[PDB]
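J.: Sharing final_30.pdb, PDB, N, CA and C atoms:
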ATOM      1  N   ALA R   1     -44.082 294.438  68.484  1.00  0.00           N
ATOM      2  CA  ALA R   1     -45.424 294.311  69.093  1.00  0.00           C
ATOM      3  C   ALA R   1     -46.145 293.097  68.505  1.00  0.00           C
ATOM      4  N   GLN R   2     -46.946 292.406  69.323  1.00  0.00           N
ATOM      5  CA  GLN R   2     -47.715 291.249  68.875  1.00  0.00           C
ATOM      6  C   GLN R   2     -48.752 291.669  67.818  1.00  0.00           C
ATOM      7  N   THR R   3     -49.177 290.711  66.998  1.00  0.00           N
ATOM      8  CA  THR R   3     -50.294 290.817  66.064  1.00  0.00           C
ATOM      9  C   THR R   3     -51.052 289.481  66.106  1.00  0.00           C
ATOM     10  N   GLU R   4     -52.212 289.395  65.457  1.00  0.00           N
ATOM     11  CA  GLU R   4     -52.951 288.151  65.267  1.00  0.00           C
ATOM     12  C   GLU R   4     -53.411 288.093  63.814  1.00  0.00           C
ATOM     13  N   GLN R   5     -53.752 286.890  63.365  1.00  0.00           N
ATOM     14  CA  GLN R   5     -54.053 286.520  61.987  1.00  0.00           C
ATOM     15  C   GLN R   5     -55.024 285.325  62.036  1.00  0.00           C
ATOM     16  N   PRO R   6     -55.600 284.888  60.901  1.00  0.00           N
ATOM     17  CA  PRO R   6     -55.967 283.483  60.742  1.00  0.00           C
ATOM     18  C   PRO R   6     -54.712 282.597  60.919  1.00  0.00           C
ATOM     19  N   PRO R   7     -54.856 281.285  61.186  1.00  0.00           N
ATOM     20  CA  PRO R   7     -53.724 280.391  61.409  1.00  0.00           C
ATOM     21  C   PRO R   7     -52.612 280.537  60.363  1.00  0.00           C
ATOM     22  N   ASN R   8     -51.360 280.515  60.829  1.00  0.00           N
ATOM     23  CA  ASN R   8     -50.159 280.644  60.012  1.00  0.00           C
ATOM     24  C   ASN R   8     -49.105 279.703  60.589  1.00  0.00           C
ATOM     25  N   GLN R   9     -48.241 279.160  59.731  1.00  0.00           N
ATOM     26  CA  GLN R   9     -47.212 278.187  60.086  1.00  0.00           C
ATOM     27  C   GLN R   9     -46.027 278.781  60.877  1.00  0.00           C
ATOM     28  N   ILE R  10     -46.107 280.046  61.301  1.00  0.00           N
ATOM     29  CA  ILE R  10     -45.077 280.724  62.079  1.00  0.00           C
ATOM     30  C   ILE R  10     -45.822 281.448  63.197  1.00  0.00           C
ATOM     31  N   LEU R  11     -45.262 281.395  64.401  1.00  0.00           N
ATOM     32  CA  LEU R  11     -45.812 281.926  65.639  1.00  0.00           C
ATOM     33  C   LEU R  11     -44.791 282.913  66.194  1.00  0.00           C
ATOM     34  N   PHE R  12     -45.278 283.953  66.862  1.00  0.00           N
ATOM     35  CA  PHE R  12     -44.487 284.895  67.633  1.00  0.00           C
ATOM     36  C   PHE R  12     -44.908 284.709  69.081  1.00  0.00           C
ATOM     37  N   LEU R  13     -43.933 284.692  69.979  1.00  0.00           N
ATOM     38  CA  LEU R  13     -44.101 284.319  71.368  1.00  0.00           C
ATOM     39  C   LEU R  13     -43.536 285.433  72.231  1.00  0.00           C
ATOM     40  N   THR R  14     -44.176 285.681  73.369  1.00  0.00           N
ATOM     41  CA  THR R  14     -43.816 286.745  74.304  1.00  0.00           C
ATOM     42  C   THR R  14     -43.994 286.270  75.757  1.00  0.00           C
ATOM     43  N   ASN R  15     -43.606 287.115  76.724  1.00  0.00           N
ATOM     44  CA  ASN R  15     -43.624 286.836  78.167  1.00  0.00           C
ATOM     45  C   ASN R  15     -42.858 285.555  78.529  1.00  0.00           C
ATOM     46  N   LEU R  16     -41.785 285.279  77.787  1.00  0.00           N
ATOM     47  CA  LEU R  16     -40.910 284.132  78.006  1.00  0.00           C
ATOM     48  C   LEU R  16     -39.890 284.490  79.099  1.00  0.00           C
ATOM     49  N   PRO R  17     -39.197 283.506  79.701  1.00  0.00           N
ATOM     50  CA  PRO R  17     -38.069 283.760  80.583  1.00  0.00           C
ATOM     51  C   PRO R  17     -37.065 284.732  79.948  1.00  0.00           C
ATOM     52  N   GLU R  18     -36.386 285.532  80.768  1.00  0.00           N
ATOM     53  CA  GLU R  18     -35.279 286.388  80.326  1.00  0.00           C
ATOM     54  C   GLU R  18     -34.016 285.560  80.021  1.00  0.00           C
ATOM     55  N   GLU R  19     -34.131 284.228  80.029  1.00  0.00           N
ATOM     56  CA  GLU R  19     -33.060 283.262  79.896  1.00  0.00           C
ATOM     57  C   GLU R  19     -33.463 282.116  78.943  1.00  0.00           C
ATOM     58  N   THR R  20     -34.571 282.268  78.203  1.00  0.00           N
ATOM     59  CA  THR R  20     -35.059 281.273  77.251  1.00  0.00           C
ATOM     60  C   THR R  20     -33.978 280.994  76.200  1.00  0.00           C
ATOM     61  N   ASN R  21     -33.919 279.754  75.717  1.00  0.00           N
ATOM     62  CA  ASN R  21     -32.923 279.296  74.762  1.00  0.00           C
ATOM     63  C   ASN R  21     -33.622 278.453  73.698  1.00  0.00           C
ATOM     64  N   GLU R  22     -33.012 278.334  72.516  1.00  0.00           N
ATOM     65  CA  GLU R  22     -33.495 277.524  71.397  1.00  0.00           C
ATOM     66  C   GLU R  22     -33.887 276.116  71.855  1.00  0.00           C
ATOM     67  N   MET R  23     -33.063 275.508  72.709  1.00  0.00           N
ATOM     68  CA  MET R  23     -33.273 274.151  73.193  1.00  0.00           C
ATOM     69  C   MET R  23     -34.563 274.042  74.004  1.00  0.00           C
ATOM     70  N   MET R  24     -34.906 275.065  74.792  1.00  0.00           N
ATOM     71  CA  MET R  24     -36.080 275.034  75.664  1.00  0.00           C
ATOM     72  C   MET R  24     -37.338 274.950  74.817  1.00  0.00           C
ATOM     73  N   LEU R  25     -37.482 275.884  73.880  1.00  0.00           N
ATOM     74  CA  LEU R  25     -38.702 275.938  73.091  1.00  0.00           C
ATOM     75  C   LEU R  25     -38.748 274.775  72.111  1.00  0.00           C
ATOM     76  N   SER R  26     -37.601 274.311  71.606  1.00  0.00           N
ATOM     77  CA  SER R  26     -37.572 273.121  70.770  1.00  0.00           C
ATOM     78  C   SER R  26     -38.056 271.921  71.584  1.00  0.00           C
ATOM     79  N   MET R  27     -37.550 271.740  72.805  1.00  0.00           N
ATOM     80  CA  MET R  27     -37.964 270.665  73.691  1.00  0.00           C
ATOM     81  C   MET R  27     -39.474 270.726  73.950  1.00  0.00           C
ATOM     82  N   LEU R  28     -40.044 271.929  74.092  1.00  0.00           N
ATOM     83  CA  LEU R  28     -41.478 272.083  74.322  1.00  0.00           C
ATOM     84  C   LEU R  28     -42.286 271.769  73.064  1.00  0.00           C
ATOM     85  N   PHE R  29     -42.030 272.462  71.957  1.00  0.00           N
ATOM     86  CA  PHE R  29     -42.897 272.378  70.786  1.00  0.00           C
ATOM     87  C   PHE R  29     -42.640 271.135  69.925  1.00  0.00           C
ATOM     88  N   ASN R  30     -41.438 270.542  69.925  1.00  0.00           N
ATOM     89  CA  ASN R  30     -41.153 269.370  69.079  1.00  0.00           C
ATOM     90  C   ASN R  30     -41.999 268.142  69.447  1.00  0.00           C
ATOM     91  N   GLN R  31     -42.674 268.167  70.603  1.00  0.00           N
ATOM     92  CA  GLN R  31     -43.646 267.160  70.995  1.00  0.00           C
ATOM     93  C   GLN R  31     -44.783 267.046  69.966  1.00  0.00           C
ATOM     94  N   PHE R  32     -45.131 268.137  69.271  1.00  0.00           N
ATOM     95  CA  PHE R  32     -46.192 268.135  68.270  1.00  0.00           C
ATOM     96  C   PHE R  32     -45.602 267.689  66.923  1.00  0.00           C
ATOM     97  N   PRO R  33     -46.270 266.798  66.163  1.00  0.00           N
ATOM     98  CA  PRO R  33     -45.762 266.221  64.912  1.00  0.00           C
ATOM     99  C   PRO R  33     -45.807 267.203  63.717  1.00  0.00           C
ATOM    100  N   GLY R  34     -45.629 268.501  63.974  1.00  0.00           N
ATOM    101  CA  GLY R  34     -45.614 269.556  62.971  1.00  0.00           C
ATOM    102  C   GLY R  34     -44.501 270.570  63.187  1.00  0.00           C
ATOM    103  N   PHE R  35     -43.781 270.524  64.310  1.00  0.00           N
ATOM    104  CA  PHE R  35     -42.666 271.406  64.603  1.00  0.00           C
ATOM    105  C   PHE R  35     -41.635 271.376  63.478  1.00  0.00           C
ATOM    106  N   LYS R  36     -40.934 272.491  63.305  1.00  0.00           N
ATOM    107  CA  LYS R  36     -39.780 272.600  62.415  1.00  0.00           C
ATOM    108  C   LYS R  36     -38.617 273.204  63.187  1.00  0.00           C
ATOM    109  N   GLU R  37     -38.787 274.393  63.773  1.00  0.00           N
ATOM    110  CA  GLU R  37     -37.665 275.125  64.369  1.00  0.00           C
ATOM    111  C   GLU R  37     -38.167 276.259  65.275  1.00  0.00           C
ATOM    112  N   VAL R  38     -37.250 276.962  65.946  1.00  0.00           N
ATOM    113  CA  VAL R  38     -37.517 278.203  66.674  1.00  0.00           C
ATOM    114  C   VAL R  38     -36.405 279.211  66.353  1.00  0.00           C
ATOM    115  N   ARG R  39     -36.624 280.483  66.690  1.00  0.00           N
ATOM    116  CA  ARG R  39     -35.631 281.548  66.624  1.00  0.00           C
ATOM    117  C   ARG R  39     -35.837 282.394  67.870  1.00  0.00           C
ATOM    118  N   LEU R  40     -34.927 282.268  68.832  1.00  0.00           N
ATOM    119  CA  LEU R  40     -34.878 283.148  69.991  1.00  0.00           C
ATOM    120  C   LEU R  40     -34.352 284.510  69.546  1.00  0.00           C
ATOM    121  N   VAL R  41     -34.397 285.469  70.463  1.00  0.00           N
ATOM    122  CA  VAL R  41     -33.763 286.772  70.329  1.00  0.00           C
ATOM    123  C   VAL R  41     -32.642 286.784  71.369  1.00  0.00           C
ATOM    124  N   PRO R  42     -31.399 286.386  71.024  1.00  0.00           N
ATOM    125  CA  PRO R  42     -30.297 286.162  71.971  1.00  0.00           C
ATOM    126  C   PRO R  42     -29.684 287.445  72.567  1.00  0.00           C
ATOM    127  N   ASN R  43     -30.496 288.498  72.636  1.00  0.00           N
ATOM    128  CA  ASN R  43     -30.258 289.755  73.325  1.00  0.00           C
ATOM    129  C   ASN R  43     -31.470 290.192  74.170  1.00  0.00           C
ATOM    130  N   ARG R  44     -32.588 289.444  74.163  1.00  0.00           N
ATOM    131  CA  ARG R  44     -33.748 289.712  75.020  1.00  0.00           C
ATOM    132  C   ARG R  44     -34.287 288.440  75.674  1.00  0.00           C
ATOM    133  N   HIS R  45     -34.364 287.340  74.922  1.00  0.00           N
ATOM    134  CA  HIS R  45     -34.923 286.028  75.263  1.00  0.00           C
ATOM    135  C   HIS R  45     -36.411 286.015  75.650  1.00  0.00           C
ATOM    136  N   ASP R  46     -36.983 287.131  76.116  1.00  0.00           N
ATOM    137  CA  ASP R  46     -38.354 287.205  76.622  1.00  0.00           C
ATOM    138  C   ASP R  46     -39.393 287.175  75.496  1.00  0.00           C
ATOM    139  N   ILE R  47     -38.940 287.202  74.238  1.00  0.00           N
ATOM    140  CA  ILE R  47     -39.735 286.976  73.043  1.00  0.00           C
ATOM    141  C   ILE R  47     -38.972 286.007  72.127  1.00  0.00           C
ATOM    142  N   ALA R  48     -39.695 285.299  71.259  1.00  0.00           N
ATOM    143  CA  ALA R  48     -39.165 284.286  70.348  1.00  0.00           C
ATOM    144  C   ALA R  48     -40.101 284.142  69.152  1.00  0.00           C
ATOM    145  N   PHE R  49     -39.679 283.352  68.170  1.00  0.00           N
ATOM    146  CA  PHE R  49     -40.493 282.916  67.051  1.00  0.00           C
ATOM    147  C   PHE R  49     -40.378 281.398  66.967  1.00  0.00           C
ATOM    148  N   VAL R  50     -41.415 280.739  66.464  1.00  0.00           N
ATOM    149  CA  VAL R  50     -41.514 279.290  66.341  1.00  0.00           C
ATOM    150  C   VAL R  50     -42.056 279.017  64.933  1.00  0.00           C
ATOM    151  N   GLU R  51     -41.562 277.969  64.275  1.00  0.00           N
ATOM    152  CA  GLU R  51     -41.823 277.653  62.877  1.00  0.00           C
ATOM    153  C   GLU R  51     -42.251 276.191  62.796  1.00  0.00           C
ATOM    154  N   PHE R  52     -43.289 275.953  61.994  1.00  0.00           N
ATOM    155  CA  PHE R  52     -44.026 274.709  61.884  1.00  0.00           C
ATOM    156  C   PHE R  52     -44.291 274.377  60.414  1.00  0.00           C
ATOM    157  N   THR R  53     -44.681 273.127  60.192  1.00  0.00           N
ATOM    158  CA  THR R  53     -44.967 272.543  58.896  1.00  0.00           C
ATOM    159  C   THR R  53     -46.265 273.107  58.327  1.00  0.00           C
ATOM    160  N   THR R  54     -47.319 273.132  59.143  1.00  0.00           N
ATOM    161  CA  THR R  54     -48.662 273.418  58.687  1.00  0.00           C
ATOM    162  C   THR R  54     -49.366 274.291  59.710  1.00  0.00           C
ATOM    163  N   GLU R  55     -50.167 275.204  59.182  1.00  0.00           N
ATOM    164  CA  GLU R  55     -50.870 276.245  59.923  1.00  0.00           C
ATOM    165  C   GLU R  55     -51.786 275.628  60.988  1.00  0.00           C
ATOM    166  N   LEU R  56     -52.416 274.494  60.664  1.00  0.00           N
ATOM    167  CA  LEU R  56     -53.328 273.792  61.563  1.00  0.00           C
ATOM    168  C   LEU R  56     -52.571 273.182  62.742  1.00  0.00           C
ATOM    169  N   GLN R  57     -51.395 272.590  62.504  1.00  0.00           N
ATOM    170  CA  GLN R  57     -50.591 272.029  63.589  1.00  0.00           C
ATOM    171  C   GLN R  57     -50.034 273.156  64.459  1.00  0.00           C
ATOM    172  N   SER R  58     -49.679 274.281  63.839  1.00  0.00           N
ATOM    173  CA  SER R  58     -49.288 275.496  64.541  1.00  0.00           C
ATOM    174  C   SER R  58     -50.414 275.973  65.462  1.00  0.00           C
ATOM    175  N   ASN R  59     -51.660 275.984  64.973  1.00  0.00           N
ATOM    176  CA  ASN R  59     -52.823 276.344  65.775  1.00  0.00           C
ATOM    177  C   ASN R  59     -53.014 275.378  66.942  1.00  0.00           C
ATOM    178  N   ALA R  60     -52.866 274.073  66.708  1.00  0.00           N
ATOM    179  CA  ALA R  60     -52.959 273.081  67.777  1.00  0.00           C
ATOM    180  C   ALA R  60     -51.893 273.316  68.852  1.00  0.00           C
ATOM    181  N   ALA R  61     -50.657 273.608  68.446  1.00  0.00           N
ATOM    182  CA  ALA R  61     -49.566 273.899  69.368  1.00  0.00           C
ATOM    183  C   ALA R  61     -49.823 275.199  70.140  1.00  0.00           C
ATOM    184  N   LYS R  62     -50.368 276.223  69.474  1.00  0.00           N
ATOM    185  CA  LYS R  62     -50.777 277.472  70.108  1.00  0.00           C
ATOM    186  C   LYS R  62     -51.807 277.175  71.194  1.00  0.00           C
ATOM    187  N   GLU R  63     -52.868 276.437  70.870  1.00  0.00           N
ATOM    188  CA  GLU R  63     -53.909 276.085  71.831  1.00  0.00           C
ATOM    189  C   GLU R  63     -53.315 275.306  73.013  1.00  0.00           C
ATOM    190  N   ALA R  64     -52.344 274.432  72.738  1.00  0.00           N
ATOM    191  CA  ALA R  64     -51.728 273.565  73.729  1.00  0.00           C
ATOM    192  C   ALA R  64     -50.825 274.322  74.710  1.00  0.00           C
ATOM    193  N   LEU R  65     -50.066 275.328  74.250  1.00  0.00           N
ATOM    194  CA  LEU R  65     -49.014 275.960  75.057  1.00  0.00           C
ATOM    195  C   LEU R  65     -49.268 277.435  75.370  1.00  0.00           C
ATOM    196  N   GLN R  66     -50.357 278.048  74.892  1.00  0.00           N
ATOM    197  CA  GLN R  66     -50.722 279.376  75.380  1.00  0.00           C
ATOM    198  C   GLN R  66     -50.903 279.314  76.903  1.00  0.00           C
ATOM    199  N   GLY R  67     -50.250 280.242  77.601  1.00  0.00           N
ATOM    200  CA  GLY R  67     -50.278 280.367  79.051  1.00  0.00           C
ATOM    201  C   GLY R  67     -49.358 279.373  79.768  1.00  0.00           C
ATOM    202  N   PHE R  68     -48.552 278.586  79.046  1.00  0.00           N
ATOM    203  CA  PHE R  68     -47.708 277.553  79.637  1.00  0.00           C
ATOM    204  C   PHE R  68     -46.567 278.215  80.403  1.00  0.00           C
ATOM    205  N   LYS R  69     -46.438 277.936  81.702  1.00  0.00           N
ATOM    206  CA  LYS R  69     -45.283 278.382  82.481  1.00  0.00           C
ATOM    207  C   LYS R  69     -44.038 277.699  81.930  1.00  0.00           C
ATOM    208  N   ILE R  70     -43.197 278.454  81.226  1.00  0.00           N
ATOM    209  CA  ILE R  70     -41.871 277.972  80.846  1.00  0.00           C
ATOM    210  C   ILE R  70     -41.094 277.885  82.171  1.00  0.00           C
ATOM    211  N   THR R  71     -41.196 278.928  83.003  1.00  0.00           N
ATOM    212  CA  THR R  71     -40.750 278.943  84.390  1.00  0.00           C
ATOM    213  C   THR R  71     -41.888 279.583  85.195  1.00  0.00           C
ATOM    214  N   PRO R  72     -41.939 279.440  86.537  1.00  0.00           N
ATOM    215  CA  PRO R  72     -43.084 279.817  87.371  1.00  0.00           C
ATOM    216  C   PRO R  72     -43.708 281.200  87.148  1.00  0.00           C
ATOM    217  N   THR R  73     -42.993 282.151  86.546  1.00  0.00           N
ATOM    218  CA  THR R  73     -43.418 283.535  86.377  1.00  0.00           C
ATOM    219  C   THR R  73     -43.470 283.953  84.898  1.00  0.00           C
ATOM    220  N   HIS R  74     -43.356 282.998  83.965  1.00  0.00           N
ATOM    221  CA  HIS R  74     -43.249 283.260  82.535  1.00  0.00           C
ATOM    222  C   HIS R  74     -44.215 282.349  81.785  1.00  0.00           C
ATOM    223  N   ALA R  75     -45.501 282.684  81.897  1.00  0.00           N
ATOM    224  CA  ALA R  75     -46.565 282.092  81.102  1.00  0.00           C
ATOM    225  C   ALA R  75     -46.373 282.515  79.642  1.00  0.00           C
ATOM    226  N   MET R  76     -45.923 281.579  78.811  1.00  0.00           N
ATOM    227  CA  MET R  76     -45.741 281.719  77.376  1.00  0.00           C
ATOM    228  C   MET R  76     -46.982 282.297  76.698  1.00  0.00           C
ATOM    229  N   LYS R  77     -46.896 283.523  76.189  1.00  0.00           N
ATOM    230  CA  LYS R  77     -47.933 284.054  75.313  1.00  0.00           C
ATOM    231  C   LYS R  77     -47.531 283.628  73.904  1.00  0.00           C
ATOM    232  N   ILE R  78     -48.511 283.324  73.057  1.00  0.00           N
ATOM    233  CA  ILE R  78     -48.312 282.870  71.684  1.00  0.00           C
ATOM    234  C   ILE R  78     -49.308 283.653  70.834  1.00  0.00           C
ATOM    235  N   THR R  79     -48.891 284.042  69.638  1.00  0.00           N
ATOM    236  CA  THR R  79     -49.656 284.797  68.657  1.00  0.00           C
ATOM    237  C   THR R  79     -49.219 284.318  67.266  1.00  0.00           C
ATOM    238  N   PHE R  80     -50.070 284.414  66.239  1.00  0.00           N
ATOM    239  CA  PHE R  80     -49.648 284.045  64.889  1.00  0.00           C
ATOM    240  C   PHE R  80     -48.710 285.130  64.355  1.00  0.00           C
ATOM    241  N   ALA R  81     -47.522 284.727  63.890  1.00  0.00           N
ATOM    242  CA  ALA R  81     -46.619 285.606  63.155  1.00  0.00           C
ATOM    243  C   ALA R  81     -47.115 285.717  61.705  1.00  0.00           C
ATOM    244  N   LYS R  82     -46.346 286.374  60.833  1.00  0.00           N
ATOM    245  CA  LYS R  82     -46.747 286.704  59.465  1.00  0.00           C
ATOM    246  C   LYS R  82     -45.613 286.351  58.505  1.00  0.00           C
ATOM    247  N   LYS R  83     -45.955 286.118  57.239  1.00  0.00           N
ATOM    248  CA  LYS R  83     -45.048 285.835  56.134  1.00  0.00           C
ATOM    249  C   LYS R  83     -45.746 286.283  54.854  1.00  0.00           C
TER
END
Would you write out, as structure tokens, the structure that this file holds?

T.:
Amino acid sequence: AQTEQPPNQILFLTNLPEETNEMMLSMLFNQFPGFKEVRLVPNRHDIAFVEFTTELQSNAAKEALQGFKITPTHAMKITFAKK
């Protein structure tokens, strides 16, 4: 289940395509100069995690891609993950 926090350098993502892949989210988020990596769930794909350098750049990427259609019916939900 999703949660929220003050800004954190790791994000949890939901409402993704049932076919999302590491390459897709890397291609999307690596545009921001704070990206590090992603972790799909290669048995669901409709949720993922994304990892960044700094909490502020993570927040900027969240603001930028919340509601982003990865595909026409899969508006990327984004939430702060925890560590």

J.: Which residues, written as a PyMOL selection string, have at least one atom at most 7 Å from region 39-45 of chain R, with all atoms listed in the file counted and residues fewer than 4 positions away on the same chain left out?

T.: chain R and resi 16-22+49-51

J.: Evaluate the PyMOL selection byres ((chain R and resi 57-65) around 6) here and jot the selected residues down as a list in words.

T.: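 Taken over the shown coordinates, the PyMOL selection byres ((chain R and resi 57-65) around 6) returns residues 8, 9, 34, 52, 54, 55, 56, 66, 67, 68 and 76 of chain R.
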
J.: I would like the residues chosen by the PyMOL selection byres (((chain R and resi 2 and name CA) around 7) and name CA) on the shown file; could you give them as a list in words?

T.: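 Selected by the PyMOL selection byres (((chain R and resi 2 and name CA) around 7) and name CA) here: residues 1, 3 and 79 of chain R.
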
J.: R:80, R:75, R:28, R:33: which is nearest residue 6 (chain R), counting all atoms listed in the file?

T.: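 Between R:80, R:75, R:28, R:33, the residue approaching residue 6 (chain R) most closely is R:80.
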
J.: Would you compute the distance between CA of residue 83 (chain R) and atom N of residue 13 (chain R)? Give it in Å to one decimal.

T.: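 Calculated distance between CA of residue 83 (chain R) and atom N of residue 13 (chain R) is 13.9 Å.
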
J.: Between R:35, R:29, R:69, R:7, which residue has the minimum interatomic distance to residue 53 (chain R), considering only N, CA and C atoms?

T.: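 Of all the options, R:35 lies closest to residue 53 (chain R).
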
J.: Quick one: DSSP alpha helix (DSSP H) residues in region 2-63 of chain R, as a list in words?

T.: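 Of region 2-63 of chain R, the ones in alpha helix (DSSP H) are residues 22, 23, 24, 25, 26, 27, 28, 29, 55, 56, 57, 58, 59, 60, 61, 62 and 63 of chain R.
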
J.: How many Å lie between CA of residue 37 (chain R) and CA of residue 77 (chain R), rounded to one decimal?

T.: 17.5 Å

J.: If I take atom C of residue 4 (chain R) and atom N of residue 72 (chain R), how far is one from the other in Å, to one decimal?

T.: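 Straight-line distance from atom C of residue 4 (chain R) to atom N of residue 72 (chain R) works out to 26.9 Å.
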